[PDB]
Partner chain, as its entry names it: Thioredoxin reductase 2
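In the form solved without the partner chain, a lone chain appears below as C-alpha coordinates.
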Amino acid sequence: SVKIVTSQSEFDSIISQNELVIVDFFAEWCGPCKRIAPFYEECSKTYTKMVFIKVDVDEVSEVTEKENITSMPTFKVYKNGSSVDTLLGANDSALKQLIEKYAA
(Lines give C-alpha, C1' and ligand atoms only; values in the text may rest on other atoms or scores of the structure.)
Protein backbone atom coordinates (compact mmCIF):
# COMPACT_ATOMS: atom_id res chain seq x y z
CA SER A 1 0.00 0.00 0.00
CA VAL A 2 1.82 3.07 -1.28
CA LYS A 3 1.41 6.10 0.99
CA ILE A 4 0.16 9.47 -0.16
CA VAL A 5 1.44 12.44 1.81
CA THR A 6 0.08 15.92 1.05
CA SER A 7 2.18 17.83 3.60
CA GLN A 8 5.75 19.10 3.27
CA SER A 9 6.88 18.21 6.79
CA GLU A 10 4.96 14.94 6.61
CA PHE A 11 7.01 14.06 3.54
CA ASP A 12 10.28 15.00 5.21
CA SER A 13 9.05 13.27 8.34
CA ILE A 14 8.70 9.95 6.57
CA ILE A 15 12.23 10.32 5.26
CA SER A 16 13.75 10.80 8.75
CA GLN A 17 11.55 8.36 10.73
CA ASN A 18 12.92 5.35 8.87
CA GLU A 19 16.26 3.82 7.85
CA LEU A 20 15.24 3.29 4.24
CA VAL A 21 12.53 5.20 2.42
CA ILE A 22 11.47 5.04 -1.19
CA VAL A 23 9.29 7.81 -2.49
CA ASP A 24 8.11 8.52 -5.98
CA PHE A 25 8.01 12.16 -6.89
CA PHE A 26 5.47 12.03 -9.68
CA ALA A 27 2.63 14.41 -11.27
CA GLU A 28 -1.21 13.92 -11.90
CA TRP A 29 -1.64 14.22 -16.06
CA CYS A 30 0.66 11.24 -17.41
CA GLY A 31 -0.22 7.65 -18.27
CA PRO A 32 3.07 6.09 -16.99
CA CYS A 33 2.95 8.06 -13.76
CA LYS A 34 -0.28 6.30 -12.74
CA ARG A 35 0.90 3.16 -14.57
CA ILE A 36 3.98 2.78 -12.38
CA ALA A 37 1.84 2.69 -9.21
CA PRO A 38 0.38 -0.82 -9.85
CA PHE A 39 3.86 -2.34 -10.04
CA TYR A 40 4.95 -0.10 -7.21
CA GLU A 41 2.14 -1.66 -5.19
CA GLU A 42 3.53 -5.15 -5.80
CA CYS A 43 6.98 -3.96 -4.77
CA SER A 44 5.51 -2.50 -1.57
CA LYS A 45 4.16 -5.95 -0.59
CA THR A 46 7.46 -7.91 -0.69
CA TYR A 47 9.62 -4.90 0.06
CA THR A 48 7.56 -4.08 3.18
CA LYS A 49 10.87 -3.55 5.04
CA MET A 50 11.33 -0.34 3.00
CA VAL A 51 8.75 2.43 3.37
CA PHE A 52 6.95 3.49 0.22
CA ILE A 53 5.32 6.93 -0.08
CA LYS A 54 4.10 9.23 -2.89
CA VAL A 55 4.66 12.97 -3.11
CA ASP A 56 3.43 15.16 -5.95
CA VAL A 57 5.25 18.29 -7.12
CA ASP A 58 2.09 20.37 -7.53
CA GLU A 59 0.69 20.13 -3.99
CA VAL A 60 4.08 20.29 -2.27
CA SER A 61 6.46 22.31 -4.45
CA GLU A 62 8.66 22.80 -1.40
CA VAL A 63 9.40 19.07 -1.63
CA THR A 64 10.72 19.54 -5.15
CA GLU A 65 13.13 22.17 -3.85
CA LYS A 66 14.24 19.94 -0.95
CA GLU A 67 15.62 17.35 -3.36
CA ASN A 68 15.89 19.73 -6.31
CA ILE A 69 13.49 17.58 -8.34
CA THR A 70 14.55 18.31 -11.92
CA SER A 71 13.65 15.19 -13.94
CA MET A 72 10.25 13.50 -13.58
CA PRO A 73 9.07 10.95 -12.95
CA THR A 74 11.79 10.62 -10.31
CA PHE A 75 12.20 7.68 -7.92
CA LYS A 76 14.72 8.19 -5.15
CA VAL A 77 15.59 5.90 -2.26
CA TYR A 78 16.38 7.51 1.06
CA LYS A 79 18.72 5.98 3.63
CA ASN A 80 19.08 7.37 7.13
CA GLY A 81 16.90 10.29 6.09
CA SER A 82 18.79 11.24 2.93
CA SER A 83 19.63 10.44 -0.70
CA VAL A 84 20.99 7.05 -1.75
CA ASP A 85 19.73 6.19 -5.27
CA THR A 86 17.98 7.93 -8.17
CA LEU A 87 15.82 6.40 -10.91
CA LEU A 88 14.80 8.31 -14.06
CA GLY A 89 11.45 7.61 -15.69
CA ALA A 90 9.01 5.25 -14.02
CA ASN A 91 9.57 1.71 -15.22
CA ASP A 92 8.32 -1.39 -13.41
CA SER A 93 11.47 -3.28 -14.44
CA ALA A 94 13.91 -0.42 -13.74
CA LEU A 95 12.49 0.12 -10.33
CA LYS A 96 12.37 -3.61 -9.81
CA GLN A 97 16.15 -3.68 -9.83
CA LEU A 98 16.44 -0.32 -8.00
CA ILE A 99 14.00 -1.20 -5.23
CA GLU A 100 15.38 -4.73 -5.11
CA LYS A 101 18.87 -3.38 -4.39
CA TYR A 102 18.02 -1.94 -1.00
CA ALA A 103 14.70 -3.65 -0.50
CA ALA A 104 15.28 -6.83 -2.52
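Residue numbers count along the first chain shown, from 1.
Omitted here: the form solved in complex with the partner chain. The next part is about that form.
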- Only hit among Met50, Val77, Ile53, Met72 for heavy atom within 4.5 Å of the partner chain in the deposited bound form is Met72
- Query: Quick one: in the deposited bound form, does every one of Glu10, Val21 and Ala103 get a heavy atom within 4.5 Å of the partner chain?
  - Reply: no
- Query: Mind listing which residues of 41-66 have a heavy atom within 4.5 Å of the partner chain in the deposited bound form?
  - Reply: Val57, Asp58, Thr64, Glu65
